[PDB]
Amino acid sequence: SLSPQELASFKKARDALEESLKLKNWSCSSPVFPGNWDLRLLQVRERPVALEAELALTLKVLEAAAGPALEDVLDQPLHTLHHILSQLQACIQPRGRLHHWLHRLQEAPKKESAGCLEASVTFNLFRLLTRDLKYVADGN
């Protein structure tokens, strides 16, 4: 479970990102995450795969955030995210919800603007860290 210092770090980043998004036009033709995105809609065995996909998308997007200011504030958050991802992958192990959800996240970077993707993962960040991580850790 994330520490106060870690969460303070994510908050500082999330807020910096929010502020930069007020200067951009970040509309989406279609939202990045499904409206009912929730790992409980998935089989227990499928959840870690879904979580991995949103983690990878988050890293991909945030690692591309432009400008020194954002790189600075994202430095430690990116580090904690890398560590969470790697730990998830050392625990890991016909087309339906998982498949469709995976498809949506993989296709999003190809179809939507940078602002839009940036907006999506920033606003998804605390749900990911707080809800999605916990449910996976519980169900194992």
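Numbers follow the displayed sequence, beginning with 1.
- Deposited sequence between residue 93 and residue 94: 4 to 9 residues lack coordinates.
- The deposited model assigns a higher average Cα B-factor to 16 to 24 than to the other stretch when 122 to 130 and 16 to 24 are compared.
- As the entry records it, the average C-alpha temperature factor is higher for 94 to 102, out of 63 to 71 and 94 to 102.
- Compared with the other modelled residues of the chain, the Cα B-factor recorded for residue 86 ranks in the middle third.
- Among the modelled residues of its chain, residue 36 has a C-alpha B-factor that falls in the middle third according to the deposited record.
- Among the modelled residues of its chain, residue 29 has a C-alpha B-factor that falls in the highest third, as given in the PDB entry.
- Ranked by Cα temperature factor within the chain, residue 53 sits in the lowest third according to the deposited record.
- Compared with the other modelled residues of the chain, the Cα B-factor recorded for residue 47 ranks in the middle third.
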